[PDB]
$ cat protein.txt   # compact mmCIF, C-alpha atoms and all ligand atoms
# COMPACT_ATOMS: atom_id res chain seq x y z
CA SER A 1 37.23 -0.35 14.64
CA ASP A 2 34.82 -1.15 17.53
CA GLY A 3 32.69 -3.25 15.07
CA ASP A 4 35.73 -5.37 14.13
CA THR A 5 36.76 -5.79 17.81
CA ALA A 6 33.20 -6.80 18.78
CA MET A 7 32.90 -9.40 15.98
CA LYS A 8 36.36 -10.96 16.59
CA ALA A 9 35.56 -11.32 20.30
CA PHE A 10 32.13 -12.91 19.50
CA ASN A 11 33.88 -15.45 17.22
CA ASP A 12 36.61 -16.17 19.79
CA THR A 13 34.05 -16.78 22.52
CA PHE A 14 31.31 -18.65 20.61
CA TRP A 15 32.45 -19.96 17.15
CA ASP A 16 33.15 -23.74 16.85
CA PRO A 17 35.45 -24.25 13.82
CA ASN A 18 35.20 -28.07 14.18
CA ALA A 19 31.32 -28.32 13.90
CA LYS A 20 31.02 -25.04 11.89
CA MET A 21 28.23 -23.75 14.20
CA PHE A 22 28.09 -21.24 17.07
CA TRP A 23 27.96 -22.55 20.65
CA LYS A 24 24.82 -21.64 22.62
CA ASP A 25 26.94 -20.32 25.54
CA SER A 26 30.52 -19.96 26.83
CA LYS A 27 30.51 -23.44 28.49
CA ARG A 28 30.67 -24.89 24.92
CA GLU A 29 28.36 -27.84 25.74
CA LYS A 30 25.53 -27.35 23.20
CA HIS A 31 25.28 -25.65 19.76
CA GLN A 32 22.80 -22.86 18.96
CA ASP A 33 19.12 -23.45 18.09
CA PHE A 34 18.35 -23.81 14.30
CA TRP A 35 16.30 -20.60 13.81
CA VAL A 36 18.71 -18.49 15.92
CA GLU A 37 21.67 -19.85 13.89
CA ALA A 38 20.20 -18.11 10.73
CA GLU A 39 20.26 -14.81 12.65
CA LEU A 40 23.90 -15.33 13.68
CA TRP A 41 24.56 -16.14 9.96
CA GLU A 42 23.13 -12.71 9.04
CA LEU A 43 25.36 -11.13 11.78
CA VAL A 44 28.44 -12.57 10.00
CA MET A 45 27.12 -11.09 6.71
CA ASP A 46 26.57 -7.66 8.32
CA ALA A 47 30.12 -7.60 9.78
CA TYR A 48 31.44 -8.60 6.32
CA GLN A 49 29.64 -5.55 4.75
CA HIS A 50 30.66 -3.17 7.60
CA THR A 51 34.44 -3.88 7.93
CA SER A 52 37.26 -2.22 5.87
CA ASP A 53 40.06 -4.56 7.04
CA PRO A 54 40.49 -6.77 3.95
CA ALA A 55 42.03 -9.69 5.92
CA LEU A 56 39.06 -9.85 8.40
CA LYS A 57 36.73 -9.29 5.41
CA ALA A 58 38.04 -12.39 3.55
CA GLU A 59 37.86 -14.42 6.79
CA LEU A 60 34.20 -13.43 7.34
CA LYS A 61 33.35 -14.21 3.66
CA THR A 62 34.66 -17.79 4.14
CA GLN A 63 32.62 -18.01 7.41
CA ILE A 64 29.39 -17.29 5.41
CA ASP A 65 29.92 -20.58 3.57
CA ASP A 66 31.06 -22.51 6.70
CA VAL A 67 27.95 -21.57 8.71
CA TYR A 68 25.75 -23.02 5.95
CA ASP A 69 27.91 -26.19 5.63
CA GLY A 70 27.79 -26.92 9.39
CA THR A 71 24.01 -26.50 9.55
CA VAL A 72 23.50 -28.66 6.42
CA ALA A 73 25.69 -31.43 7.91
CA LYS A 74 23.37 -31.68 10.98
CA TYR A 75 19.96 -30.71 9.53
CA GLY A 76 20.15 -31.53 5.78
CA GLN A 77 19.59 -29.31 2.70
CA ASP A 78 15.79 -29.72 2.56
CA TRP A 79 14.28 -27.92 5.57
CA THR A 80 10.61 -28.69 4.65
CA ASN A 81 10.57 -31.55 7.23
CA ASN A 82 10.72 -28.85 9.95
CA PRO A 83 7.13 -28.21 11.21
CA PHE A 84 7.92 -24.50 11.94
CA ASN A 85 7.30 -22.26 8.86
CA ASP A 86 9.17 -19.43 10.66
CA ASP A 87 12.34 -21.63 11.05
CA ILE A 88 12.20 -22.34 7.28
CA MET A 89 11.70 -18.67 6.34
CA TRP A 90 14.53 -17.37 8.55
CA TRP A 91 16.90 -19.69 6.60
CA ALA A 92 15.28 -18.77 3.21
CA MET A 93 15.94 -15.07 3.94
CA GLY A 94 19.54 -15.80 5.02
CA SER A 95 20.06 -17.82 1.86
CA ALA A 96 18.86 -14.95 -0.37
CA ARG A 97 21.48 -12.66 1.27
CA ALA A 98 24.25 -15.28 0.98
CA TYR A 99 23.49 -15.39 -2.76
CA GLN A 100 23.77 -11.58 -3.04
CA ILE A 101 27.23 -11.71 -1.35
CA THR A 102 28.79 -14.91 -2.87
CA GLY A 103 26.98 -15.59 -6.20
CA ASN A 104 26.99 -19.33 -5.37
CA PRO A 105 23.86 -20.85 -7.04
CA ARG A 106 23.13 -23.27 -4.14
CA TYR A 107 21.95 -20.23 -2.12
CA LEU A 108 19.51 -19.00 -4.80
CA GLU A 109 17.90 -22.47 -5.07
CA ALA A 110 17.70 -22.72 -1.26
CA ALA A 111 16.02 -19.32 -0.96
CA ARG A 112 13.59 -19.87 -3.85
CA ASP A 113 12.59 -23.47 -3.08
CA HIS A 114 11.92 -22.76 0.61
CA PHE A 115 10.09 -19.46 -0.01
CA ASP A 116 7.88 -21.23 -2.57
CA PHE A 117 7.04 -24.10 -0.20
CA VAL A 118 5.84 -21.64 2.50
CA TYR A 119 4.09 -19.00 0.37
CA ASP A 120 2.44 -21.33 -2.17
CA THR A 121 1.18 -23.93 0.39
CA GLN A 122 0.87 -22.09 3.78
CA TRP A 123 -1.07 -18.95 2.72
CA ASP A 124 -4.81 -19.19 3.58
CA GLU A 125 -7.63 -16.70 2.72
CA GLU A 126 -10.30 -18.23 4.95
CA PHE A 127 -9.18 -17.65 8.59
CA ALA A 128 -8.60 -13.90 9.33
CA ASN A 129 -9.06 -13.01 5.64
CA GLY A 130 -5.42 -13.90 4.77
CA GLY A 131 -1.93 -14.62 6.19
CA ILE A 132 0.63 -17.45 6.48
CA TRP A 133 0.29 -20.14 9.16
CA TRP A 134 2.98 -20.46 11.90
CA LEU A 135 3.33 -24.26 11.47
CA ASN A 136 2.96 -26.71 8.54
CA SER A 137 1.73 -29.47 10.96
CA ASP A 138 -1.29 -27.95 12.86
CA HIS A 139 -3.07 -24.81 11.56
CA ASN A 140 -4.09 -22.85 14.74
CA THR A 141 -2.34 -19.43 14.50
CA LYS A 142 -0.89 -16.87 12.03
CA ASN A 143 2.11 -14.96 13.42
CA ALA A 144 4.24 -11.79 12.94
CA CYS A 145 7.40 -13.94 13.18
CA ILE A 146 6.55 -15.72 9.89
CA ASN A 147 4.54 -13.06 8.02
CA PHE A 148 6.97 -10.10 8.14
CA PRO A 149 10.12 -12.25 7.53
CA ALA A 150 8.25 -13.73 4.52
CA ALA A 151 7.67 -10.20 3.11
CA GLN A 152 11.39 -9.40 3.65
CA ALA A 153 12.45 -12.64 1.89
CA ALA A 154 10.16 -11.82 -1.11
CA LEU A 155 11.77 -8.38 -1.33
CA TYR A 156 15.32 -9.86 -1.46
CA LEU A 157 14.15 -12.33 -4.19
CA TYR A 158 12.59 -9.44 -6.18
CA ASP A 159 15.90 -7.48 -5.98
CA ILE A 160 17.84 -10.55 -7.23
CA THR A 161 15.44 -11.69 -10.00
CA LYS A 162 13.29 -8.67 -11.01
CA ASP A 163 10.37 -11.13 -11.23
CA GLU A 164 7.18 -9.23 -10.28
CA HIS A 165 5.85 -12.45 -8.67
CA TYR A 166 7.97 -11.62 -5.61
CA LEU A 167 7.01 -7.95 -5.38
CA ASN A 168 3.29 -8.94 -5.65
CA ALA A 169 3.81 -11.45 -2.80
CA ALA A 170 5.54 -8.90 -0.56
CA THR A 171 2.78 -6.31 -1.15
CA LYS A 172 -0.01 -8.84 -0.37
CA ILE A 173 1.65 -10.26 2.80
CA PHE A 174 2.51 -6.78 4.16
CA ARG A 175 -1.01 -5.34 3.49
CA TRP A 176 -2.53 -8.26 5.39
CA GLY A 177 -0.03 -7.94 8.26
CA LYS A 178 -0.48 -4.16 8.67
CA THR A 179 -4.27 -4.62 8.80
CA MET A 180 -4.56 -7.76 11.04
CA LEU A 181 -1.26 -7.79 13.06
CA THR A 182 -0.91 -4.06 13.98
CA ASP A 183 -2.98 -1.27 15.61
CA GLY A 184 -2.39 1.09 12.65
CA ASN A 185 -0.04 3.28 14.80
CA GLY A 186 3.05 1.05 14.82
CA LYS A 187 2.34 -1.50 17.58
CA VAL A 188 2.95 -4.96 16.07
CA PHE A 189 0.87 -7.86 17.52
CA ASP A 190 2.47 -11.26 18.16
CA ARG A 191 -0.21 -13.37 16.42
CA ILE A 192 -3.87 -14.06 15.59
CA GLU A 193 -5.27 -17.34 17.05
CA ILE A 194 -8.20 -19.32 15.68
CA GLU A 195 -11.17 -19.35 18.11
CA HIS A 196 -9.69 -16.39 20.05
CA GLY A 197 -8.50 -13.43 17.94
CA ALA A 198 -5.44 -11.14 18.09
CA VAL A 199 -2.86 -11.51 20.90
CA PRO A 200 -1.59 -7.87 21.12
CA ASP A 201 1.77 -8.50 22.82
CA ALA A 202 4.62 -6.48 21.21
CA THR A 203 8.30 -7.59 21.08
CA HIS A 204 11.59 -6.19 19.71
CA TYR A 205 12.06 -8.71 16.86
CA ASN A 206 8.54 -8.25 15.44
CA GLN A 207 8.89 -4.43 15.53
CA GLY A 208 12.13 -5.10 13.62
CA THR A 209 10.90 -7.27 10.72
CA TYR A 210 7.80 -5.02 10.29
CA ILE A 211 10.15 -1.98 9.98
CA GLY A 212 12.55 -3.81 7.56
CA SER A 213 9.74 -4.98 5.26
CA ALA A 214 8.11 -1.48 5.24
CA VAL A 215 11.46 0.18 4.31
CA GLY A 216 12.02 -2.46 1.53
CA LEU A 217 8.50 -1.79 0.15
CA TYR A 218 9.14 1.99 0.16
CA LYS A 219 12.28 1.48 -1.93
CA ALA A 220 10.68 -0.97 -4.38
CA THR A 221 7.36 0.89 -4.95
CA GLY A 222 7.94 4.63 -4.46
CA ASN A 223 4.86 4.81 -2.17
CA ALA A 224 5.61 7.19 0.78
CA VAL A 225 2.95 5.48 2.95
CA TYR A 226 5.45 2.62 3.55
CA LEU A 227 8.05 5.02 4.96
CA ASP A 228 5.42 6.53 7.23
CA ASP A 229 4.53 2.95 8.38
CA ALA A 230 8.18 2.29 9.36
CA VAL A 231 8.53 5.60 11.24
CA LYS A 232 5.40 4.94 13.33
CA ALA A 233 6.73 1.48 14.34
CA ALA A 234 10.17 2.96 15.26
CA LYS A 235 8.50 5.67 17.46
CA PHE A 236 6.45 2.99 19.17
CA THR A 237 9.62 0.99 19.90
CA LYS A 238 11.53 4.07 21.25
CA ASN A 239 8.66 5.24 23.52
CA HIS A 240 7.11 1.93 24.66
CA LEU A 241 9.69 -0.97 24.54
CA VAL A 242 12.29 0.81 26.75
CA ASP A 243 13.01 1.31 30.48
CA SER A 244 12.53 4.66 32.36
CA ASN A 245 15.93 5.94 31.04
CA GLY A 246 15.13 5.09 27.37
CA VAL A 247 17.36 1.96 27.21
CA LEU A 248 15.79 -0.90 25.16
CA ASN A 249 14.12 -3.57 27.41
CA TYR A 250 15.46 -6.95 28.45
CA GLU A 251 12.97 -9.61 27.23
CA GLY A 252 14.04 -12.70 29.31
CA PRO A 253 13.48 -15.19 30.65
CA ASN A 254 12.07 -16.59 27.34
CA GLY A 255 15.10 -17.97 25.38
CA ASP A 256 13.78 -17.00 21.92
CA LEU A 257 13.11 -13.32 22.94
CA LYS A 258 16.31 -12.70 25.00
CA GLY A 259 18.38 -11.87 21.88
CA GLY A 260 15.61 -10.11 19.94
CA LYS A 261 17.43 -6.75 20.02
CA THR A 262 19.77 -8.33 17.38
CA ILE A 263 16.95 -8.41 14.81
CA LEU A 264 15.58 -4.99 15.89
CA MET A 265 18.99 -3.27 15.55
CA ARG A 266 19.62 -4.81 12.09
CA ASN A 267 16.37 -3.29 10.80
CA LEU A 268 16.58 0.06 12.59
CA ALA A 269 19.90 0.60 10.69
CA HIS A 270 17.99 0.22 7.38
CA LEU A 271 15.49 2.97 8.41
CA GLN A 272 18.35 5.21 9.62
CA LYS A 273 20.15 4.93 6.23
CA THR A 274 16.91 5.64 4.23
CA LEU A 275 16.16 8.77 6.38
CA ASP A 276 19.77 10.03 6.01
CA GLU A 277 19.65 9.50 2.17
CA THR A 278 16.18 10.97 1.44
CA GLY A 279 16.21 13.72 4.06
CA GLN A 280 12.61 12.84 5.01
CA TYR A 281 11.35 13.22 8.65
CA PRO A 282 14.35 15.42 9.58
CA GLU A 283 13.14 16.16 13.16
CA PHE A 284 12.48 12.46 13.98
CA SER A 285 15.77 11.50 12.26
CA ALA A 286 17.79 13.67 14.67
CA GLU A 287 16.00 12.31 17.78
CA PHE A 288 16.24 8.69 16.46
CA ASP A 289 20.04 8.99 15.73
CA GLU A 290 20.68 10.38 19.24
CA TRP A 291 18.57 7.68 20.94
CA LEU A 292 20.38 4.88 19.00
CA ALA A 293 23.82 6.27 19.89
CA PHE A 294 22.80 6.53 23.59
CA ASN A 295 21.69 2.87 23.53
CA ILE A 296 24.94 1.65 21.88
CA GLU A 297 27.12 3.57 24.37
CA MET A 298 25.20 2.30 27.39
CA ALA A 299 25.45 -1.32 26.13
CA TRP A 300 29.19 -1.12 25.46
CA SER A 301 29.88 0.42 28.90
CA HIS A 302 28.79 -2.99 30.34
CA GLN A 303 31.36 -5.05 28.32
CA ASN A 304 33.63 -7.45 30.16
CA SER A 305 37.43 -7.72 29.69
CA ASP A 306 36.95 -10.08 26.69
CA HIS A 307 34.76 -7.39 24.93
CA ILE A 308 31.50 -9.37 25.33
CA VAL A 309 28.22 -7.59 26.33
CA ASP A 310 25.31 -9.42 27.98
CA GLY A 311 21.80 -8.68 26.61
CA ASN A 312 20.68 -6.97 29.81
CA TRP A 313 22.02 -3.58 28.58
CA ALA A 314 20.91 -1.75 31.75
CA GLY A 315 23.12 -4.00 33.93
CA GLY A 316 29.47 -15.81 34.91
CA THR A 317 28.17 -17.66 31.77
CA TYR A 318 27.65 -15.57 28.56
CA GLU A 319 25.09 -16.61 25.92
CA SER A 320 25.56 -16.18 22.15
CA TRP A 321 22.01 -14.98 21.31
CA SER A 322 21.76 -12.49 24.24
CA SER A 323 25.33 -11.17 23.43
CA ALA A 324 24.83 -10.82 19.66
CA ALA A 325 22.75 -7.60 19.89
CA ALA A 326 25.65 -5.40 21.00
CA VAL A 327 27.84 -6.76 18.12
CA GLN A 328 25.04 -6.15 15.56
CA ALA A 329 24.69 -2.57 16.88
CA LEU A 330 28.35 -1.77 15.93
CA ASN A 331 28.07 -3.42 12.47
CA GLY A 332 25.15 -1.34 10.97
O1 LIG B 1 7.16 -16.04 22.55
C1 LIG B 1 8.23 -16.00 21.62
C2 LIG B 1 7.73 -16.57 20.29
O2 LIG B 1 7.53 -18.00 20.37
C3 LIG B 1 7.14 -18.60 19.12
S1 LIG B 1 8.43 -18.57 17.87
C4 LIG B 1 9.76 -19.47 18.63
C5 LIG B 1 9.93 -20.91 18.12
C6 LIG B 1 10.49 -20.84 16.69
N1 LIG B 1 10.68 -22.23 16.21
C7 LIG B 1 11.58 -23.14 17.00
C8 LIG B 1 11.04 -23.18 18.43
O3 LIG B 1 11.94 -24.03 19.21
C9 LIG B 1 10.87 -21.76 18.99
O4 LIG B 1 10.35 -21.84 20.37
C10 LIG B 1 5.85 -17.90 18.61
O5 LIG B 1 4.77 -18.12 19.54
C11 LIG B 1 6.05 -16.42 18.43
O6 LIG B 1 4.86 -15.80 17.89
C12 LIG B 1 6.53 -15.79 19.73
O7 LIG B 1 6.94 -14.42 19.53

$ encode --input "protein.txt" --output "structure tokens"
Amino acid sequence: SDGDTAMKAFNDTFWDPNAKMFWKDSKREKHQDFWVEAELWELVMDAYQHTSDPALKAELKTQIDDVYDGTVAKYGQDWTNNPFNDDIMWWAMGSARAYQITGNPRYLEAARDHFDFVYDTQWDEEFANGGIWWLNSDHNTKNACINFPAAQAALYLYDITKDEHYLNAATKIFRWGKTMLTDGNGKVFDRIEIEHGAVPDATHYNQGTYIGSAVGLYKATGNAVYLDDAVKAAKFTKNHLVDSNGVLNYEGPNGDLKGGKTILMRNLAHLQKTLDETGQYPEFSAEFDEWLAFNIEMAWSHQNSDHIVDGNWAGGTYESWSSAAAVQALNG
């Protein structure tokens, strides 16, 4: 049970049962950033779905509710006072998943109300012919880190509700994003800035949410073009966001990007499952599976004696966001 071992060690090192939040690092001086906390929430959910130890499973199910409670105690229930639309949407997506797992109606209202605020008021047709703004304060840029997560959140809400409103939203957001925030061959651009144009800088987490939304659209629509879209973005990641031995890059020193492999790995697992089930792209599937396994083994060979792995997978304080990626990789 390497996935169980990895998750237990992550909790032992970083979980604060008193505040019901993760610590930012092993000094236990400061709790994790708001948007990153939603991604650690999803890690708890993924370990819950992966494990077959019923005692650990029940423990992780309780933790799903505690993570939300601790964040609500510090930040409130209404997140629309946060000027970052991406922060809001990461929590809306997490809330949709928490509803799928628990059935607790507070999570459905949280997902729906926050999705609606962003989509209904922060979509604009004028600048760049579409897209959602990064912030709800100033309107200067439209970014991959809000647009693709918004498509993914719409797809979860469609699965829950069967309301075509959400499928129509996902289709519209993704079409815009593919056209304005990619090169058409799987390279995902960070953002488009008013008075400048596209900033074509690719990162692990934006490759990830593009891939996850494309796989979700394939499943919901039956259009094979969406699967092709996801494969091209996975090939780009494997060939161009890696070191000379094929190990995924380290994206520091930026604090938001350092743990981005967590989001990438979560979404690559969705593509791997869809390829295994459909038997499509058999040649790429075999190469992709082998490359993933090589990455996981190299990462875990760098673990310390407490079973924690730093985010520099190619080589004394450990950080929760950087260290999460190796745990996610064993819970997919
Ligand atoms: O270059 C990393 C990253 O930086 C921001 S998103 C990160 C912010 C999310 N909201 C809370 C902030 O504290 C955080 O910096 C955006 O410029 C994004 O497009 C880019 O990829």

$ residues_near_point --input "protein.txt" --point "(13.8, -17.6, -1.9)" --cutoff "9 Å" --atoms "only C-alpha atoms" --output "ChimeraX atom specification"
/A:89,92-93,95-96,107-116,153-154,156-157

$ closest_residue --input "protein.txt" --among "A:78, A:310, A:256, A:59" --to "ligand LIG 1 (chain B)" --atoms "all atoms listed in the file"
A:256

$ residues_near_ligand --input "protein.txt" --ligand "ligand LIG 1 (chain B)" --cutoff "6 Å" --atoms "only C-alpha atoms and all ligand atoms" --output "NGL selection string"
:A and (84 or 87 or 143 or 145 or 190-191 or 256-257)

$ closest_atom_pairs --input "protein.txt" --of "range 54-133 of chain A" --to "range 169-189 of chain A" --cutoff "8 Å" --atoms "only C-alpha atoms" --output "tab-separated table"
residue	atom	partner	partner_atom	distance
A:128	CA	A:180	CA	7.5
A:130	CA	A:176	CA	6.4
A:131	CA	A:176	CA	6.4

$ write_last_selection --input "protein.txt" --atoms "C-alpha atoms" --output "short mmCIF file (atom, residue, chain, number, x, y, z; two decimals), keeping the file's coordinate frame"
data_model
loop_
_atom_site.label_atom_id
_atom_site.label_comp_id
_atom_site.auth_asym_id
_atom_site.auth_seq_id
_atom_site.Cartn_x
_atom_site.Cartn_y
_atom_site.Cartn_z
CA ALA A 128 -8.60 -13.90 9.33
CA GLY A 130 -5.42 -13.90 4.77
CA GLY A 131 -1.93 -14.62 6.19
#

$ residues_around --input "protein.txt" --residues "residue 230 in chain A" --least-positions-apart "3" --cutoff "7 Å" --atoms "only C-alpha atoms" --output "PyMOL selection string"
chain A and resi 211+214-215+226-227+233-234

$ closest_residue --input "protein.txt" --among "A:161, A:221, A:203, A:62" --to "residue 249 in chain A" --atoms "only C-alpha atoms"
A:203

$ atom_distance --input "protein.txt" --atom1 "CA of residue 40 in chain A" --atom2 "CA of residue 133 in chain A"
24.5 Å

$ residues_around --input "protein.txt" --residues "residue 124 in chain A" --least-positions-apart "2" --cutoff "12 Å" --atoms "only C-alpha atoms" --output "PDB file with C-alpha atoms, in the coordinates of the input"
ATOM      1  CA  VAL A 118       5.840 -21.640   2.500  1.00  0.00           C
ATOM      2  CA  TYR A 119       4.090 -19.000   0.370  1.00  0.00           C
ATOM      3  CA  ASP A 120       2.440 -21.330  -2.170  1.00  0.00           C
ATOM      4  CA  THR A 121       1.180 -23.930   0.390  1.00  0.00           C
ATOM      5  CA  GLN A 122       0.870 -22.090   3.780  1.00  0.00           C
ATOM      6  CA  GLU A 126     -10.300 -18.230   4.950  1.00  0.00           C
ATOM      7  CA  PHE A 127      -9.180 -17.650   8.590  1.00  0.00           C
ATOM      8  CA  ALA A 128      -8.600 -13.900   9.330  1.00  0.00           C
ATOM      9  CA  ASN A 129      -9.060 -13.010   5.640  1.00  0.00           C
ATOM     10  CA  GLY A 130      -5.420 -13.900   4.770  1.00  0.00           C
ATOM     11  CA  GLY A 131      -1.930 -14.620   6.190  1.00  0.00           C
ATOM     12  CA  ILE A 132       0.630 -17.450   6.480  1.00  0.00           C
ATOM     13  CA  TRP A 133       0.290 -20.140   9.160  1.00  0.00           C
ATOM     14  CA  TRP A 134       2.980 -20.460  11.900  1.00  0.00           C
ATOM     15  CA  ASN A 136       2.960 -26.710   8.540  1.00  0.00           C
ATOM     16  CA  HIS A 139      -3.070 -24.810  11.560  1.00  0.00           C
ATOM     17  CA  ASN A 140      -4.090 -22.850  14.740  1.00  0.00           C
ATOM     18  CA  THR A 141      -2.340 -19.430  14.500  1.00  0.00           C
ATOM     19  CA  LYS A 142      -0.890 -16.870  12.030  1.00  0.00           C
ATOM     20  CA  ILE A 173       1.650 -10.260   2.800  1.00  0.00           C
ATOM     21  CA  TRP A 176      -2.530  -8.260   5.390  1.00  0.00           C
TER      22      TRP A 176
END

$ closest_residue --input "protein.txt" --among "A:228, A:251, A:297, A:33" --to "residue 280 in chain A" --atoms "all atoms listed in the file"
A:228

$ residues_around --input "protein.txt" --residues "residue 299 in chain A" --least-positions-apart "5" --cutoff "10 Å" --atoms "all atoms listed in the file" --output "list in words"
residues 247, 248, 293, 294, 309, 310, 311, 312, 313, 314, 315, 325, 326, 327 and 329 of chain A

$ build_atoms --input "protein.txt" --residues "range 56-73 of chain A" --atoms "N, CA, C and O atoms" --output "PDB file, in the frame of the given file"
ATOM      1  N   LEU A  56      40.280  -9.468   7.651  1.00  0.00           N
ATOM      2  CA  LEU A  56      39.060  -9.850   8.400  1.00  0.00           C
ATOM      3  C   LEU A  56      37.889 -10.043   7.426  1.00  0.00           C
ATOM      4  O   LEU A  56      37.110 -10.965   7.585  1.00  0.00           O
ATOM      5  N   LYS A  57      37.796  -9.190   6.414  1.00  0.00           N
ATOM      6  CA  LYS A  57      36.730  -9.290   5.410  1.00  0.00           C
ATOM      7  C   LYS A  57      36.729 -10.642   4.667  1.00  0.00           C
ATOM      8  O   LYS A  57      35.667 -11.265   4.504  1.00  0.00           O
ATOM      9  N   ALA A  58      37.901 -11.089   4.230  1.00  0.00           N
ATOM     10  CA  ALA A  58      38.040 -12.390   3.550  1.00  0.00           C
ATOM     11  C   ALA A  58      37.731 -13.562   4.493  1.00  0.00           C
ATOM     12  O   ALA A  58      37.099 -14.541   4.094  1.00  0.00           O
ATOM     13  N   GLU A  59      38.168 -13.438   5.740  1.00  0.00           N
ATOM     14  CA  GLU A  59      37.860 -14.420   6.790  1.00  0.00           C
ATOM     15  C   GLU A  59      36.332 -14.557   7.011  1.00  0.00           C
ATOM     16  O   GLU A  59      35.777 -15.671   7.029  1.00  0.00           O
ATOM     17  N   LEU A  60      35.657 -13.424   7.158  1.00  0.00           N
ATOM     18  CA  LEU A  60      34.200 -13.430   7.340  1.00  0.00           C
ATOM     19  C   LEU A  60      33.462 -13.965   6.082  1.00  0.00           C
ATOM     20  O   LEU A  60      32.476 -14.688   6.212  1.00  0.00           O
ATOM     21  N   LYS A  61      33.965 -13.669   4.883  1.00  0.00           N
ATOM     22  CA  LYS A  61      33.350 -14.210   3.660  1.00  0.00           C
ATOM     23  C   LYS A  61      33.407 -15.744   3.609  1.00  0.00           C
ATOM     24  O   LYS A  61      32.431 -16.389   3.200  1.00  0.00           O
ATOM     25  N   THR A  62      34.539 -16.323   4.008  1.00  0.00           N
ATOM     26  CA  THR A  62      34.660 -17.790   4.140  1.00  0.00           C
ATOM     27  C   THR A  62      33.671 -18.339   5.201  1.00  0.00           C
ATOM     28  O   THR A  62      33.034 -19.384   5.014  1.00  0.00           O
ATOM     29  N   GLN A  63      33.536 -17.616   6.306  1.00  0.00           N
ATOM     30  CA  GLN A  63      32.620 -18.010   7.410  1.00  0.00           C
ATOM     31  C   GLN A  63      31.147 -18.076   6.951  1.00  0.00           C
ATOM     32  O   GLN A  63      30.392 -18.931   7.414  1.00  0.00           O
ATOM     33  N   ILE A  64      30.753 -17.222   5.999  1.00  0.00           N
ATOM     34  CA  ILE A  64      29.390 -17.290   5.410  1.00  0.00           C
ATOM     35  C   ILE A  64      29.103 -18.697   4.866  1.00  0.00           C
ATOM     36  O   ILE A  64      28.026 -19.258   5.112  1.00  0.00           O
ATOM     37  N   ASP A  65      30.078 -19.256   4.135  1.00  0.00           N
ATOM     38  CA  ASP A  65      29.920 -20.580   3.570  1.00  0.00           C
ATOM     39  C   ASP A  65      30.014 -21.670   4.642  1.00  0.00           C
ATOM     40  O   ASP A  65      29.292 -22.659   4.544  1.00  0.00           O
ATOM     41  N   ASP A  66      30.904 -21.507   5.627  1.00  0.00           N
ATOM     42  CA  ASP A  66      31.060 -22.510   6.700  1.00  0.00           C
ATOM     43  C   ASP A  66      29.840 -22.642   7.593  1.00  0.00           C
ATOM     44  O   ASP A  66      29.469 -23.771   7.995  1.00  0.00           O
ATOM     45  N   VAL A  67      29.180 -21.526   7.896  1.00  0.00           N
ATOM     46  CA  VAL A  67      27.950 -21.570   8.710  1.00  0.00           C
ATOM     47  C   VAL A  67      26.912 -22.434   8.008  1.00  0.00           C
ATOM     48  O   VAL A  67      26.276 -23.299   8.643  1.00  0.00           O
ATOM     49  N   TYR A  68      26.731 -22.222   6.706  1.00  0.00           N
ATOM     50  CA  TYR A  68      25.750 -23.020   5.950  1.00  0.00           C
ATOM     51  C   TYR A  68      26.140 -24.520   5.942  1.00  0.00           C
ATOM     52  O   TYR A  68      25.321 -25.384   6.195  1.00  0.00           O
ATOM     53  N   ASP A  69      27.407 -24.803   5.651  1.00  0.00           N
ATOM     54  CA  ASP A  69      27.910 -26.190   5.630  1.00  0.00           C
ATOM     55  C   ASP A  69      27.672 -26.949   6.973  1.00  0.00           C
ATOM     56  O   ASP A  69      27.264 -28.128   6.992  1.00  0.00           O
ATOM     57  N   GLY A  70      27.913 -26.265   8.094  1.00  0.00           N
ATOM     58  CA  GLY A  70      27.790 -26.920   9.390  1.00  0.00           C
ATOM     59  C   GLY A  70      26.327 -27.239   9.702  1.00  0.00           C
ATOM     60  O   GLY A  70      26.020 -28.334  10.217  1.00  0.00           O
ATOM     61  N   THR A  71      25.435 -26.308   9.352  1.00  0.00           N
ATOM     62  CA  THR A  71      24.010 -26.500   9.550  1.00  0.00           C
ATOM     63  C   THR A  71      23.477 -27.594   8.628  1.00  0.00           C
ATOM     64  O   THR A  71      22.739 -28.463   9.075  1.00  0.00           O
ATOM     65  N   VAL A  72      23.898 -27.595   7.367  1.00  0.00           N
ATOM     66  CA  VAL A  72      23.500 -28.660   6.420  1.00  0.00           C
ATOM     67  C   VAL A  72      23.987 -30.051   6.854  1.00  0.00           C
ATOM     68  O   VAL A  72      23.242 -31.042   6.713  1.00  0.00           O
ATOM     69  N   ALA A  73      25.197 -30.141   7.401  1.00  0.00           N
ATOM     70  CA  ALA A  73      25.690 -31.430   7.910  1.00  0.00           C
ATOM     71  C   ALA A  73      24.795 -32.022   9.014  1.00  0.00           C
ATOM     72  O   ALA A  73      24.646 -33.237   9.091  1.00  0.00           O
TER      73      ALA A  73
END
